[PDB]
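Descriptive analysis of the structure
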Amino acid sequence: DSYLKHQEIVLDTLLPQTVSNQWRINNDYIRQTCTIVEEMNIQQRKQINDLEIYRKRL
Amino acid sequence: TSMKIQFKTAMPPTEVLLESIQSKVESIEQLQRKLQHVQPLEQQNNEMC
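cryo-EM is the method the PDB entry lists for this structure, together with a resolution of 3.46 Å.

The name given to chain B in the PDB entry is Pre-mRNA-splicing factor CEF1, with the source organism recorded as Saccharomyces cerevisiae. The record lists its title as "Cryo-EM structure of the intron-lariat spliceosome ready for disassembly from S.cerevisiae at 3.5 angstrom".

The PDB entry lists chain A under the name Pre-mRNA-splicing factor SNT309, with Saccharomyces cerevisiae as the source organism.

1. Describing the overall build of chain B
Across its full length, chain B holds one helix and zero strands. Its C-alpha atoms put chain B at 65 × 15 × 5 Å along the principal axes.

2. Remarks on the overall build of chain A
For chain A, the count of helices and strands is one helix and zero strands. Taking 2.2 N^0.38 as the reference for a compact globule, 58 residues should give roughly 10 Å; the C-alpha atoms of chain A span a radius of gyration of 26 Å, well beyond that estimate.

3. Side note on the interface of chain A and chain B
Taken together, the contact pairs nine residues of chain A with twelve residues of chain B. Taken together, the residues of the side of chain A that touches chain B sort by class into three nonpolar, three polar and three charged.

4. Topic: the packing of helix α1 (residues 2-57) of chain A against helix α1 (residues 2-48) of chain B
Closest axis-to-axis distance for the α1(A)/α1(B) pair is 9 Å, and the angle between their directions is 20°. Taken together, the axes of α1(A) and α1(B) lie roughly parallel to each other. For the pair α1(A) and α1(B), the sense of crossing is left-handed. In this structure, α1(A) contributes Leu4(A), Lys5(A), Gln7(A), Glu8(A), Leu11(A), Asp12(A), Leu15(A) and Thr18(A) to the contact, and α1(B) contributes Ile28(B), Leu31(B), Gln32(B), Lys34(B), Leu35(B), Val38(B), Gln39(B), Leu41(B), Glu42(B), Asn45(B) and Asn46(B). Residues that form the contact of α1(A) with α1(B) fall into these classes: eight nonpolar, six polar and five charged.

5. Considerations on the side chain of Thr18(A)
Within the secondary structure layout, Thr18(A) lies in helix α1. Of the polar contacts made by the side chain of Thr18(A), one reaches the backbone oxygen of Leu15(A); its length is 2.7 Å. Contact partners of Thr18(A), with chain neighbours within four places excluded, come to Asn45(B) and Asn46(B).

Cut-off values and rules
- Residues numbered from 1 in each chain as written, not as in the entry; some residues may be left out.
- Chains lettered and ligands numbered in written order.
- Part of a larger assembly, values for the part shown.
- Heavy atoms only, no water.
- Residues with missing side-chain atoms left out of burial classes, pairs and counts.
- Helix = DSSP H or I, 4+ residues; strand = E, 2+ residues; numbered from the N terminus.
- Rg over C-alpha atoms; globule rule 2.2 N^0.38 Å.
- Contact = heavy atoms within 4.5 Å.
- Nonpolar A, V, L, I, M, F, W, Y, C, P; charged D, E, K, R; others polar.
- Axes fitted to C-alpha atoms, helices over the stretch in contact; angles between N-to-C directions.
- Parallel < 35°, antiparallel > 145°, perpendicular 65-115°, else oblique.
- Left-handed = near helix turned anticlockwise from the far one by under 90°.
- Polar contact = N/O pair within 3.5 Å; in protein donor to acceptor, adjacent residues only side chain to side chain.

Written out as structure tokens, the structure is:
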């Protein structure tokens, strides 16, 4: 019965190690998403500016 | 005679063991079920990792 408790705890340690590295990968992705999403926002604003600018010139 | 003598001893040895060991069986068997869930989560986390 004691052996089975040593066997069990080992599995749940790996559950945490996987849990941490899985959340750690997603954590890095998050920053990337927010980096570019801003850059795309910057692009679209500039896009709309030209769109009306070119009209108001003509 | 043997069947009588032996199986009476067996039933006494069994029920004496069972009283002590059915509790320890449940202890040991409910722990085994924990491996079967500790494993099944392990794979989904590895897969998702």
